[PDB]
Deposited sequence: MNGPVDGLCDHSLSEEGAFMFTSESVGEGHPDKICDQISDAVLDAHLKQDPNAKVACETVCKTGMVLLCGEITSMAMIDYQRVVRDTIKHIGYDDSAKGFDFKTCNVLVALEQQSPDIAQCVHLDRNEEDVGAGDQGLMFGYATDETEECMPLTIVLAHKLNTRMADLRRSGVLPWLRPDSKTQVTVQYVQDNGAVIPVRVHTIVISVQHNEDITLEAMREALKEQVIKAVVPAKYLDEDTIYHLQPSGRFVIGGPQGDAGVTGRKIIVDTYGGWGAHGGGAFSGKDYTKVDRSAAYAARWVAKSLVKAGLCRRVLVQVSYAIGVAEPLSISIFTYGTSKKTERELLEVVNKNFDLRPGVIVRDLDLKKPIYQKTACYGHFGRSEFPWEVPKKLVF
């Protein structure tokens, strides 16, 4: 039942992603000394100018200058011409910091969860490739293989699909668009060649690459001193690339900068968890689990499982499976998913869903 789809992703150098990372870096820095630290912060950046805003109630001694500059260094901004230098950039900290199982969900909410068997990660091929494409570039950057590669990058992958008496099977990569920051001493011809052979063909399964697959490598020509500027960088502005690449559903809640007590993060993770668990347990090939919460109430206020006719069990057979295998109460989620651990920074880029190294990405057994 043919149709096509496109998804995108950005590198660690993208202005918005730098803020997402810095905000989560501050979250990590607090969890390490106080796993109960209440973090609610965000970052704004603009050409060698980083603004740390936020309200965080914790009891840990943190050097915000150090945590912000270290994060910028990690990303790869050490030289001047790159558009950012952790040693010289302005780090304005306007942060306010205080000191002092059946909890109850804060704020009426509705979290979504999604999973599909088109890839081993249980995530849309389009977004997975988009992320992996950026990931590979960072590797070649940090390894030395492609020393002209700079932190800021953008990726778009559009794959042609076809349904299957249930749902979504990828056929081939229609076109790929990738833009990456770079050093001056490197020709546009050499860049485009390296992007096709060393990054694209090294991550995209042969099955999907074609003789007609369209490539748009460095379309707008040069991207040298670009760096993290883009008029301004902000936290929580890359909501779709942090999730499913526009495939599931999204209520609009941002992750980065918020601790484990905010249902926007935790419950979203939990919802992905059960979704991934369901397909992994063969109970379906594609699911859209919807978990609703009521302010004050701990136990979820109605969970809905949405298979696209890919399950043999039947919605409200699968719901009982979820109700017998999962306890989606906020407090239980953080305990089961180990959400007090400082893993949030690595979650701040290349997507929150898909990577197996995260608790919520480890499928639960599911006793049926």
Relative to the deposited sequence numbered from 1, which residue ranges are unmodelled?
1-16, 117-128
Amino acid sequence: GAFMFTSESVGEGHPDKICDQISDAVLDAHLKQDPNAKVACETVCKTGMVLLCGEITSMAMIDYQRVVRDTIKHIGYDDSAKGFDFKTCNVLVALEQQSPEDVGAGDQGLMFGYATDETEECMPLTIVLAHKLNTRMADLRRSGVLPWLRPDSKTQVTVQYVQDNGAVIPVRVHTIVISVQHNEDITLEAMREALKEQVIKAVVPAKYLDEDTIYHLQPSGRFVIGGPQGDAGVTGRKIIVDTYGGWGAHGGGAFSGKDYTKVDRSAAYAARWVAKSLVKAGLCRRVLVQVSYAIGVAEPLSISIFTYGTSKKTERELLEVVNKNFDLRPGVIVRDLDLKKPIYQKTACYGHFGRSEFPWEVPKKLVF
From here on, numbers count along this sequence of modelled residues.
Could you check which stretch, 4-12 or 359-367, carries the larger mean CA temperature factor in the entry?
359-367
Which is higher on average in the deposited entry, the C-alpha temperature factors of 306-314 or of 329-337?
306-314
Name the residue from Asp117, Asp259, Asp152, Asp242 with the greatest C-alpha temperature factor listed in the entry.
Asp117
Highest Cα temperature factor in the entry, among the options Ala167, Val171, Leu125, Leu146: which one is it?
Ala167
Among all modelled residues of this chain, ranked by Cα B factor, put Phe84 in the bottom, middle or top third, i.e. lowest, middle or highest.
highest
Chain-relative C-alpha B factor for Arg69 (record values, thirds): the lowest
Classify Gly251 as lowest, middle or highest third according to the C-alpha B-factor given in the PDB entry, relative to its own chain.
lowest
Please place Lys207 in the lowest, middle or highest third of its chain by C-alpha B factor as given in the entry.
middle
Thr135 - which third its CA temperature factor falls in, relative to the rest of the chain
lowest
